[PDB]
Amino acid sequence: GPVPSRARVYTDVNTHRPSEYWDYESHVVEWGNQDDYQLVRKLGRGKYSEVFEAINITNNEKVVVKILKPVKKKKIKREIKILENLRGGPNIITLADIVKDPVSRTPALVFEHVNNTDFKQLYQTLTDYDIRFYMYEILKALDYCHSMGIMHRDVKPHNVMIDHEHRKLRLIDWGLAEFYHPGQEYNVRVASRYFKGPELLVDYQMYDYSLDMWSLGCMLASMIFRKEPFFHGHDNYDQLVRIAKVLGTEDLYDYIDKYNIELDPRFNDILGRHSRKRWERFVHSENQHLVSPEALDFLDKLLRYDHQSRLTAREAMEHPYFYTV
Ligand SMILES: CC(C)c1ccccc1-c1ccc(C[NH3+])cc1Cl
């Protein structure tokens, strides 16, 4: 069978806490007053959610209401408990209230409003210092949730809200987040395709917080090289091939051998043979202003097939890339 793995850091944080902290199924959800909120306009539409800008009529405060399609009750309880546990954490979105629609029986999460600007629109004004600054803000959020025994499992630009004017960053959408328990085998059908780590692609169930560090690496690579997404897979199998075209196939096979992973037969037909590419190969005139030897060294540490070799959020915070922040 596959070789078992344990997180390098925060391994037993949940073991040493009472069941109330991590037993989300036993969490008692209490509704606020949906009448305290007046919907203004639609902001977005997710996989199983509709998002509205709203105002809290009791204090004239602008808020965001995430109307959830109650497809799985257990999943809703999980998101709420995690948001409750992490409430007040550095750069963690604040859950302000939980409400229900009495006629159609629809739960809704109410969050603090963030005046967001998309990646494509943001890139043109972003300087080298700004990328270091915001990357550090994400790391504070990840080191905090990892220290709290939680894996985000959906790190990507769409889940990072940035109010550039106020230099304010918030890590959002905790619907796929999960508590880390050493030796637990997790569902690999998490994260978004472009940001899925190698462990998810090769079906290695015993993963940990490091998964988020791979996603963070994918984000950094797309910014410094202005190639969005960096690893552009067209399906989950193809996603691993796109990673192998950069990291090379040698280190991939060493990784599956180390953990005794049974690689799906499909891969023999699409994987092939690929050299390990130098990171400098992705530097061009359009992207060179956000590239430095420190940036490439930092990216190299984050983007590693072996989840245990990847830098932890605390280790990433000590990298020379952030000496200027
Ligand atoms: C600077 C920032 C941390 C970053 C680094 C790498 C890739 C993308 C991004 C990014 C994330 C979210 C948003 C707003 N939704 C905008 C941007 Cl520019």
# chains A, B, ... in the order shown; residues from 1 in each chain; ligands from 1

call {"tool": "residues_around", "arguments": {"residues": "residue A:9", "least_positions_apart": "2", "cutoff": "10 Å", "atoms": "only C-alpha atoms", "output": "list in words"}}
result
residues 6, 7, 11, 12, 13, 143, 146, 147, 149, 208, 209, 210, 312, 313 and 314 of chain A

call {"tool": "write_last_selection", "arguments": {"atoms": "C-alpha atoms", "output": "compact mmCIF listing (two decimals), in the first residue's frame"}}
result
# COMPACT_ATOMS: atom_id res chain seq x y z
CA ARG A 6 2.76 13.41 8.45
CA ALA A 7 2.84 17.25 8.29
CA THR A 11 1.09 17.83 13.26
CA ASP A 12 -0.88 17.26 16.50
CA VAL A 13 -2.62 20.67 17.01
CA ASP A 143 0.60 30.19 8.87
CA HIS A 146 -2.22 25.91 9.56
CA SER A 147 -1.31 26.73 13.25
CA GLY A 149 -5.01 22.78 12.35
CA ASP A 208 -1.49 18.09 4.65
CA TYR A 209 -1.02 21.89 4.90
CA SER A 210 1.82 21.68 2.27
CA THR A 312 6.16 25.60 5.39
CA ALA A 313 4.31 28.95 5.68
CA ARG A 314 6.60 29.94 8.63

call {"tool": "residues_around", "arguments": {"residues": "residue A:102", "least_positions_apart": "4", "cutoff": "12 Å", "atoms": "only C-alpha atoms", "output": "list in words"}}
result
residues 31, 32, 33, 34, 35, 106, 107 and 108 of chain A

call {"tool": "closest_residue", "arguments": {"among": "A:78, A:73, A:113, A:158", "to": "ligand 1", "atoms": "only C-alpha atoms and all ligand atoms"}}
result
A:158

call {"tool": "closest_residue", "arguments": {"among": "A:202, A:211, A:216, A:191", "to": "residue A:255", "atoms": "only C-alpha atoms"}}
result
A:202

call {"tool": "closest_atom_pairs", "arguments": {"of": "chain A", "to": "ligand 1", "cutoff": "6 Å", "atoms": "only C-alpha atoms and all ligand atoms", "output": "tab-separated table"}}
result
residue	atom	partner	partner_atom_place_in_ligand_line	distance
A:117	CA	ligand 1	14 (C)	5.5
A:118	CA	ligand 1	14 (C)	4.6
A:119	CA	ligand 1	16 (C)	3.8
A:122	CA	ligand 1	18 (Cl)	5.1
A:123	CA	ligand 1	18 (Cl)	5.5
A:131	CA	ligand 1	1 (C)	4.6
A:134	CA	ligand 1	3 (C)	4.5
A:135	CA	ligand 1	3 (C)	4.7
A:157	CA	ligand 1	11 (C)	3.8
A:158	CA	ligand 1	15 (N)	4.8
A:160	CA	ligand 1	12 (C)	4.5
A:161	CA	ligand 1	15 (N)	4.6
A:162	CA	ligand 1	14 (C)	5.0
A:219	CA	ligand 1	7 (C)	4.0
A:220	CA	ligand 1	6 (C)	4.3
A:222	CA	ligand 1	7 (C)	5.8
A:223	CA	ligand 1	6 (C)	4.6

call {"tool": "write_last_selection", "arguments": {"atoms": "N, CA and C atoms", "output": "PDB file, in the first residue's frame"}}
result
ATOM      1  N   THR A 117     -10.290  44.085  -6.529  1.00  0.00           N
ATOM      2  CA  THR A 117      -9.862  44.340  -7.916  1.00  0.00           C
ATOM      3  C   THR A 117      -9.231  43.044  -8.472  1.00  0.00           C
ATOM      4  N   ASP A 118      -9.715  42.546  -9.643  1.00  0.00           N
ATOM      5  CA  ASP A 118      -9.267  41.295 -10.283  1.00  0.00           C
ATOM      6  C   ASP A 118      -7.761  41.287 -10.642  1.00  0.00           C
ATOM      7  N   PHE A 119      -7.174  40.075 -10.786  1.00  0.00           N
ATOM      8  CA  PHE A 119      -5.743  39.851 -11.090  1.00  0.00           C
ATOM      9  C   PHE A 119      -5.278  40.611 -12.358  1.00  0.00           C
ATOM     10  N   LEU A 122      -5.251  44.303 -11.750  1.00  0.00           N
ATOM     11  CA  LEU A 122      -4.236  44.629 -10.744  1.00  0.00           C
ATOM     12  C   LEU A 122      -2.784  44.605 -11.238  1.00  0.00           C
ATOM     13  N   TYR A 123      -2.409  43.588 -12.053  1.00  0.00           N
ATOM     14  CA  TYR A 123      -1.041  43.364 -12.556  1.00  0.00           C
ATOM     15  C   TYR A 123      -0.284  44.624 -13.036  1.00  0.00           C
ATOM     16  N   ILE A 131       4.295  42.723  -4.818  1.00  0.00           N
ATOM     17  CA  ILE A 131       4.130  41.236  -4.853  1.00  0.00           C
ATOM     18  C   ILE A 131       4.697  40.629  -3.560  1.00  0.00           C
ATOM     19  N   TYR A 134       2.116  41.507  -0.638  1.00  0.00           N
ATOM     20  CA  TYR A 134       0.887  40.701  -0.623  1.00  0.00           C
ATOM     21  C   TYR A 134       1.140  39.226  -0.423  1.00  0.00           C
ATOM     22  N   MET A 135       2.246  38.705  -0.985  1.00  0.00           N
ATOM     23  CA  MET A 135       2.607  37.320  -0.759  1.00  0.00           C
ATOM     24  C   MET A 135       2.805  37.058   0.740  1.00  0.00           C
ATOM     25  N   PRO A 157      -6.099  32.940  -6.953  1.00  0.00           N
ATOM     26  CA  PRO A 157      -6.373  34.387  -6.986  1.00  0.00           C
ATOM     27  C   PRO A 157      -7.829  34.757  -6.709  1.00  0.00           C
ATOM     28  N   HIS A 158      -8.798  33.988  -7.215  1.00  0.00           N
ATOM     29  CA  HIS A 158     -10.233  34.278  -7.018  1.00  0.00           C
ATOM     30  C   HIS A 158     -10.629  34.153  -5.546  1.00  0.00           C
ATOM     31  N   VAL A 160      -8.624  35.253  -3.043  1.00  0.00           N
ATOM     32  CA  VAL A 160      -7.817  36.248  -2.344  1.00  0.00           C
ATOM     33  C   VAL A 160      -8.371  37.613  -2.697  1.00  0.00           C
ATOM     34  N   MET A 161      -9.029  38.286  -1.753  1.00  0.00           N
ATOM     35  CA  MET A 161      -9.588  39.608  -2.056  1.00  0.00           C
ATOM     36  C   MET A 161      -8.552  40.661  -1.717  1.00  0.00           C
ATOM     37  N   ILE A 162      -8.308  41.627  -2.641  1.00  0.00           N
ATOM     38  CA  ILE A 162      -7.351  42.697  -2.404  1.00  0.00           C
ATOM     39  C   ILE A 162      -7.952  44.092  -2.672  1.00  0.00           C
ATOM     40  N   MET A 219       0.431  30.443  -7.808  1.00  0.00           N
ATOM     41  CA  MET A 219       0.059  31.852  -7.870  1.00  0.00           C
ATOM     42  C   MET A 219       1.297  32.727  -8.134  1.00  0.00           C
ATOM     43  N   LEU A 220       2.371  32.533  -7.353  1.00  0.00           N
ATOM     44  CA  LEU A 220       3.607  33.286  -7.490  1.00  0.00           C
ATOM     45  C   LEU A 220       4.161  33.156  -8.929  1.00  0.00           C
ATOM     46  N   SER A 222       2.580  32.460 -11.802  1.00  0.00           N
ATOM     47  CA  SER A 222       1.733  33.214 -12.738  1.00  0.00           C
ATOM     48  C   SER A 222       1.928  34.710 -12.651  1.00  0.00           C
ATOM     49  N   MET A 223       2.317  35.249 -11.480  1.00  0.00           N
ATOM     50  CA  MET A 223       2.545  36.675 -11.310  1.00  0.00           C
ATOM     51  C   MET A 223       3.923  37.108 -11.856  1.00  0.00           C
TER      52      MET A 223
END
